[PDB]
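Shown next as structure tokens: one chain only, the form whose entry title says "open form".
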């Protein structure tokens, strides 16, 4: 009734009053008070952190949740406004009828094989310090500010520590030198997450220092080998905050996207840098017959608060994705996709609109590779209508960082080699680790070793989805087999707590949940 305008007026005033930071500072003070009461982190971390966020978090709030149109529609109904914050949305596919489903034929004898190294979640802590308390109250330890191990306890290890601690640069430098046996590689995929988890005290200069430093360190050791990286979530500041392109000004993400451009011009062509400076994604031809696609999965992130304003296909990334897939289908080209956050962890509507595009172009896809989870995992795609036929699989390589309680490690994919008629699909992959227990030991030397090989330990005929599909339900029945998977799940450093059946099924359910908030995919695991 007459309350409808009063709503629109009040929200307008508060939004204006939030232009003035002193009130925002008060509003910020409250968020801190909550931070301590909820024990997200020690108070030292709260104050620093909140001060970073309040400015931008309040901006989106004024532009979205507390916008008069949106808010009034919620309290009073459609009569007075419209509430659409995380409303659902759809993507339109082309008018081309999908060709009959078709799987790749296995490679012929003597066919060349390509090696592709996969690096993700390096997470460099430039403040990392040996001897400091690994058990500190702060969300990140083993550094300056962590203090020192109380009561004659062992401090942070020299190369790293099995705890909430990221890596020292020397351990990262060590990784690059020990790729001899893992190589030679034809190209590399790098799905971001370079900074550490010390978000409560990260200036843009701190962020870009890691970008440049780490980028130069890679290009140096790799040399002529092209590296194709993707955007991670820890790479901007504030973390997870990735304003879509329609946002402009100093609060835009231009500083980051343009900084990446300079650092990566040697690796990428012109048309890819064009789109990268805009939305943090790109595509290009790495070799004849293949088309690589790097996605800015921060436009699917629940954490991206900028999506409150408009969560509907930010940057038109999905529509841009379809353009490329259809083009490759016309050419007959295959496709690999890399991104940081895997689709199973995206926003619901985003994830579903993605699932369907996979289903449509199952024949075009030759690979999907992701990270962010820091553990060794995968996710299988099925036909949309029935979720019965597996049609694609994504690989969730484990992180390089120890964060948390992990052995460092990276991933290497053996794929169909560079030759005409290549399917460009994965044939096998290998995982290498660093056994810190032995490296940080007295008189110990860093030694990278192959933890295992895929088809070897799991005895698979191929790396196609069906093989993995069978693999999942197999482990549901056999206990000892999962205990092995559990071991490799943690890069050779599993937890102490045994994984009970509920832990097991939870883990296994995730392997099928390539789509968010859909219990039907875990129907077969428990009746």
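By rigid core we mean the largest C-alpha set that fits within 1.5 Å across both forms. Residues that one form lacks are left out of the comparison. Numbering follows the first chain given and starts at 1.
There is another form of the same protein, the form whose entry title says "closed form"; it is not shown, and what comes next is about it.
Student: I want to check residue 506: does it shift between this form and the one not shown by 2 Å or more at the Cα, with the core superposed?
Tutor: No; residue 506 is a residue whose C-alpha shifts by less than 2 Å between this form and the one not shown when the cores are overlaid.
Student: If you line up the core, does residue 72 shift 2 angstroms or more at its C-alpha between this form and the one not shown?
Tutor: Residue 72 C-alpha, core-superposed: shift of 2 Å or more.
Student: Superposing on the rigid core, does the Cα of residue 494 end up 2 Å or more away between this form and the one not shown?
Tutor: Stays below the 2 Å threshold, so no.
Student: Closer or farther apart in that other deposited form, the C-alpha atoms of residue 60 and residue 196, for a change of 3 Å or more?
Tutor: It is farther: the C-alpha separation of residue 60 and residue 196 rises by at least 3 Å in that other deposited form.
Student: Fit on the rigid core and then flag the segments of at least 3 consecutive residues whose Cα positions all differ by 2 Å or more between this form and the one not shown.
Tutor: Shifted segment: only 1-80.
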